[PDB]
Amino acid sequence: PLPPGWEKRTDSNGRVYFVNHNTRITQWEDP
Amino acid sequence: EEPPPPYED
């Protein structure tokens, strides 16, 4: 479960990566 | 070894 500065985006089929709007970065990692 | 997707909606 993400602490949202991060947003839940899936890549087209399966996978979710946590992406932050303020820093503008896509990470596979959960802080 | 995977790339990240770029931040662009």
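Calculation notes
- Residues numbered from 1 in each chain as written, not as in the entry; some residues may be left out.
- Chains lettered and ligands numbered in written order.
- Heavy atoms only, no water.
- Residues with missing side-chain atoms left out of burial classes, pairs and counts.
- Helix = DSSP H or I, 4+ residues; strand = E, 2+ residues; numbered from the N terminus.
- Buried < 20%, exposed > 50% of the residue type's maximum accessible area, 1.4 Å probe, protein only.
- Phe/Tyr/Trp six-rings, centres within 6.5 Å; stacked < 30°, edge-to-face > 60°.
- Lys NZ or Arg CZ within 6 Å of the ring centre and 35° of its normal.

- The record lists solution NMR as the method behind this PDB entry.

### Focus on the overall build of chain A
Okay, so step 1: Regarding its fold elements, chain A presents zero helices and three strands.
Okay, so step 2: Helices (α) and strands (β) of chain A occur, in sequence order from the N terminus, as β-β-β.
Okay, so step 3: Principal-axis analysis of the C-alpha atoms gives chain A an extent of 25 × 20 × 10 Å.

### Concerning unusual backbone geometry
Residues and elements named next belong to chain A.
Okay, so step 1: In this structure, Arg-24 takes a positive phi of about 60° despite not being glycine.
Okay, so step 2: Residue placement: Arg-24 occurs in the loop between β2 (16–20) and β3 (25–27).
Okay, so step 3: Judged by its relative accessible area of 59%, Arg-24 falls in the exposed class.

### Topic: the packing of aromatic side chains
Residue and element names in this part refer to chain A.
Okay, so step 1: If you walk through the whole model with that rule in mind, you get one aromatic pair over all chains.
Okay, so step 2: Judged by centre distance (5.4 Å) and plane angle (85°), the ring pair of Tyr-17 and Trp-28 falls under edge-to-face. Placement of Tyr-17 in strand β2 and of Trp-28 in the segment after β3 is noted, with a sequence separation of eleven residues between them.
Okay, so step 3: Looking at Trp-28, the relative accessible area reads 26%, which means it is partly exposed.
Okay, so step 4: Above the plane of the ring of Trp-28 lies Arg-15, whose end atom (NZ or CZ) is 4.1 Å from the centre.

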